[PDB]
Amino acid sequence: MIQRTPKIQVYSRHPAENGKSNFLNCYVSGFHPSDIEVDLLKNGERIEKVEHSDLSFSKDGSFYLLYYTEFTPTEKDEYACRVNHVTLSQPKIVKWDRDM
């Protein structure tokens, strides 16, 4: 058996073909086993509508998840990515740096 805790990166992107749209991204990478729970949060609350959830694996069996959806941030609102995995004794909350 092997277990590997995920790396978590939270950031925003605009698609080059539709610059006016902004996306909140949580990239959860290099994890094993594949069982996982991933949520985007707005002001501490789970975002129910996340339109894109792209999973893949590498040659050694590690998993990669890109979880993202369109959003319109404002200064007042805080966003985060919350991950639960067997390697974590408590849920991991990674806050979105509004400059990222």
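So that there is no doubt, residue numbering starts at 1 and follows the sequence shown.
- Among the modelled residues of the chain, residue 42 sits in the lowest third by CA temperature factor in this PDB entry.
- Ranked by C-alpha B-factor against the other modelled residues of its chain, residue 68 falls in the highest third.
- For residue 89, the recorded CA temperature factor ranks within the highest third of the chain's modelled residues.
- Among the modelled residues of its chain, residue 26 has a C-alpha B-factor that falls in the middle third, as given in the PDB entry.
- For residue 100, the recorded CA temperature factor ranks within the highest third of the chain's modelled residues.
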